[PDB]
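S.K.: I am attaching a structure below and will ask some questions about it afterwards.
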Amino acid sequence: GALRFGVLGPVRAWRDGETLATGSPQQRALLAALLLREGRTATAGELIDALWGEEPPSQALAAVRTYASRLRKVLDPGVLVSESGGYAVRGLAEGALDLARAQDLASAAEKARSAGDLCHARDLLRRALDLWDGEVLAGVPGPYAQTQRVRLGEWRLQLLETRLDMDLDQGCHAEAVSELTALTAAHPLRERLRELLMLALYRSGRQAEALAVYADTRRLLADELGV
DNA sequence: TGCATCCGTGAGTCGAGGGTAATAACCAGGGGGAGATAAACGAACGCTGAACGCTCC
């Protein structure tokens, strides 16, 4: 009877491991907009803006009602409550949201770091990153979905950057350098990944190659942005 | 006709500042406004999907 929800990838819902038919992208947008609010009520006004932004359909208010009605047929009675003219998600177990479950472990990683148990921090953070099932909010349209896509992609990088710092402190240089090459290729303006790559490369005895990374980074900022 | 009496009016200029008293007392009735609970409609939601199209195998 454990309800599970997925927001760190395609918008999915599970019951006892079985996938529920989460419906249209706009129905997925409605679910995501409530899930990422962590039980706070979303007014009908905020829900119209979340789904369509500045260009709502002329019958948008009826559409929200139609989408909400279909979710009630797929979700169990009482999770999606209607209060104050809006909708909220209630009665979720702890850790039912993959984002919420990852947040406790990520907060614990800060606690794990502060107690000095870097090994536990490495494993707990590792479990968090494996919860990312591809592109966040895949196939979900709308400005609110776009903003949350932006927020969680950026937030993912912060957890990777924090985990990678521990790798350099524990001597795992050779494994980390290879993955770091992909990150700087994927995030070319992200100087922090090249900083970690430069140090790891040098500690692998490739001192001459580290300065080549430096020459490339200054070039990219001067040629493309002038900074 | 004269004398005596009383009543009304006016009497500078600008400055400074706030409060005053006292004796049968009651049922009895009863009106009249000031605050407390169910009925008329239409508007949010609600599932009802049904009824249309929008992409996909």
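Chain labels run A, B, ... following the order of the structure tokens; each chain numbers its residues from 1, and ligands are numbered from 1 in the order shown.
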Find the residues in chain A near chain B: any atom within 10 Å counts, using only C-alpha atoms (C1' of nucleotides). Write them as a list in words.

M.R.: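 Listed by rising number, the hits are residues 62, 65, 66, 68, 69, 70, 72, 73, 82 and 85 of chain A.
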
S.K.: Store the residues picked out above in a file with C-alpha atoms, as a PDB file, in the first residue's frame.

M.R.:
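As a result, out24.pdb now contains:
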```
ATOM      1  CA  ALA A  62     -12.552  23.679 -16.757  1.00  0.00           C
ATOM      2  CA  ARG A  65     -11.048  20.412 -13.126  1.00  0.00           C
ATOM      3  CA  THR A  66     -10.974  17.772 -15.877  1.00  0.00           C
ATOM      4  CA  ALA A  68      -7.804  16.787 -11.467  1.00  0.00           C
ATOM      5  CA  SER A  69     -10.836  14.491 -11.876  1.00  0.00           C
ATOM      6  CA  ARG A  70      -8.803  11.992 -13.905  1.00  0.00           C
ATOM      7  CA  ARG A  72      -8.596  11.046  -8.584  1.00  0.00           C
ATOM      8  CA  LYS A  73      -9.500   7.954 -10.622  1.00  0.00           C
ATOM      9  CA  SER A  82      -9.416  20.176  -2.430  1.00  0.00           C
ATOM     10  CA  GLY A  85     -10.518  26.543  -4.032  1.00  0.00           C
TER      11      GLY A  85
END
```

S.K.: With only C-alpha atoms (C1' of nucleotides) as the counted atoms, please give the residues lying no more than 10 Å from residue 83 (chain A), apart from itself and same-chain residues fewer than 5 positions off, as a count of residues only.

M.R.: 4

S.K.: Can you work out the spacing between CA of residue 93 (chain A) and CA of residue 5 (chain A) in Å, to one decimal?

M.R.: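 So the answer is 10.8 Å.
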
S.K.: Hey, can you check how far CA of residue 10 (chain A) sits from CA of residue 29 (chain A)?

M.R.: 10.9 Å

S.K.: Rounded to one decimal place, report the CA of residue 123 (chain A)-CA of residue 108 (chain A) distance in Å.

M.R.: 11.2 Å

S.K.: Tell me which protein, DNA and RNA residues are within 10 Å of residue 198 (chain A), counting only C-alpha atoms (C1' of nucleotides), leaving out same-chain ones fewer than 4 positions away, and put them as a PyMOL selection string.

M.R.: chain A and resi 177+180+192-194+202-204+206-207+209-214

S.K.: Write a file of the selected residues as a PDB file, in the first residue's frame, keeping N, CA, C and O atoms.

M.R.:
```
ATOM      1  N   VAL A 177      38.785  11.547 -12.502  1.00  0.00           N
ATOM      2  CA  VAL A 177      39.254  12.345 -13.640  1.00  0.00           C
ATOM      3  C   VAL A 177      38.480  12.004 -14.917  1.00  0.00           C
ATOM      4  O   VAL A 177      38.113  12.900 -15.685  1.00  0.00           O
ATOM      5  N   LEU A 180      34.998  13.460 -14.839  1.00  0.00           N
ATOM      6  CA  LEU A 180      35.152  14.913 -14.906  1.00  0.00           C
ATOM      7  C   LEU A 180      35.317  15.422 -16.332  1.00  0.00           C
ATOM      8  O   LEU A 180      34.897  16.544 -16.624  1.00  0.00           O
ATOM      9  N   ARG A 192      34.356  25.415 -12.256  1.00  0.00           N
ATOM     10  CA  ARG A 192      34.587  24.587 -11.074  1.00  0.00           C
ATOM     11  C   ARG A 192      34.947  23.151 -11.432  1.00  0.00           C
ATOM     12  O   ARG A 192      35.830  22.558 -10.807  1.00  0.00           O
ATOM     13  N   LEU A 193      34.288  22.585 -12.446  1.00  0.00           N
ATOM     14  CA  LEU A 193      34.621  21.234 -12.897  1.00  0.00           C
ATOM     15  C   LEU A 193      36.018  21.143 -13.502  1.00  0.00           C
ATOM     16  O   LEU A 193      36.680  20.109 -13.364  1.00  0.00           O
ATOM     17  N   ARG A 194      36.478  22.194 -14.178  1.00  0.00           N
ATOM     18  CA  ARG A 194      37.833  22.191 -14.719  1.00  0.00           C
ATOM     19  C   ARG A 194      38.874  22.355 -13.618  1.00  0.00           C
ATOM     20  O   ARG A 194      39.984  21.827 -13.735  1.00  0.00           O
ATOM     21  N   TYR A 202      46.858  16.549 -12.320  1.00  0.00           N
ATOM     22  CA  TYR A 202      48.191  16.766 -11.754  1.00  0.00           C
ATOM     23  C   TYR A 202      48.566  15.676 -10.756  1.00  0.00           C
ATOM     24  O   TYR A 202      49.684  15.151 -10.784  1.00  0.00           O
ATOM     25  N   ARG A 203      47.643  15.342  -9.848  1.00  0.00           N
ATOM     26  CA  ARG A 203      47.861  14.284  -8.865  1.00  0.00           C
ATOM     27  C   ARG A 203      48.029  12.907  -9.504  1.00  0.00           C
ATOM     28  O   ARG A 203      48.583  12.005  -8.866  1.00  0.00           O
ATOM     29  N   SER A 204      47.580  12.733 -10.746  1.00  0.00           N
ATOM     30  CA  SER A 204      47.844  11.551 -11.557  1.00  0.00           C
ATOM     31  C   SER A 204      49.189  11.620 -12.281  1.00  0.00           C
ATOM     32  O   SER A 204      49.457  10.778 -13.145  1.00  0.00           O
ATOM     33  N   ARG A 206      50.148  13.966 -14.359  1.00  0.00           N
ATOM     34  CA  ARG A 206      50.015  14.605 -15.669  1.00  0.00           C
ATOM     35  C   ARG A 206      50.054  16.125 -15.545  1.00  0.00           C
ATOM     36  O   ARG A 206      49.124  16.823 -15.951  1.00  0.00           O
ATOM     37  N   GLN A 207      51.133  16.619 -14.918  1.00  0.00           N
ATOM     38  CA  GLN A 207      51.299  18.043 -14.612  1.00  0.00           C
ATOM     39  C   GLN A 207      51.258  18.935 -15.853  1.00  0.00           C
ATOM     40  O   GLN A 207      50.621  19.997 -15.838  1.00  0.00           O
ATOM     41  N   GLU A 209      49.758  18.372 -18.680  1.00  0.00           N
ATOM     42  CA  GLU A 209      48.411  18.395 -19.233  1.00  0.00           C
ATOM     43  C   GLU A 209      47.485  19.329 -18.464  1.00  0.00           C
ATOM     44  O   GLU A 209      46.560  19.892 -19.059  1.00  0.00           O
ATOM     45  N   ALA A 210      47.678  19.455 -17.145  1.00  0.00           N
ATOM     46  CA  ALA A 210      46.903  20.397 -16.334  1.00  0.00           C
ATOM     47  C   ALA A 210      47.023  21.839 -16.831  1.00  0.00           C
ATOM     48  O   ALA A 210      46.022  22.565 -16.876  1.00  0.00           O
ATOM     49  N   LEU A 211      48.233  22.278 -17.196  1.00  0.00           N
ATOM     50  CA  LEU A 211      48.392  23.626 -17.746  1.00  0.00           C
ATOM     51  C   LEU A 211      47.728  23.773 -19.111  1.00  0.00           C
ATOM     52  O   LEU A 211      47.355  24.890 -19.490  1.00  0.00           O
ATOM     53  N   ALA A 212      47.627  22.685 -19.880  1.00  0.00           N
ATOM     54  CA  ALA A 212      46.885  22.736 -21.137  1.00  0.00           C
ATOM     55  C   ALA A 212      45.401  22.995 -20.900  1.00  0.00           C
ATOM     56  O   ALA A 212      44.758  23.698 -21.689  1.00  0.00           O
ATOM     57  N   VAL A 213      44.834  22.395 -19.843  1.00  0.00           N
ATOM     58  CA  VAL A 213      43.459  22.693 -19.432  1.00  0.00           C
ATOM     59  C   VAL A 213      43.307  24.168 -19.085  1.00  0.00           C
ATOM     60  O   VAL A 213      42.292  24.793 -19.420  1.00  0.00           O
ATOM     61  N   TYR A 214      44.289  24.729 -18.367  1.00  0.00           N
ATOM     62  CA  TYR A 214      44.276  26.150 -18.028  1.00  0.00           C
ATOM     63  C   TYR A 214      44.263  27.031 -19.272  1.00  0.00           C
ATOM     64  O   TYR A 214      43.566  28.047 -19.315  1.00  0.00           O
TER      65      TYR A 214
END
```

S.K.: Residues at most 12 Å from residue 113 (chain A), counting only C-alpha atoms (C1' of nucleotides), excluding those fewer than 4 positions away in the same chain, as a PyMOL selection string?

M.R.: chain A and resi 105-109+117-125+162-163+165-166
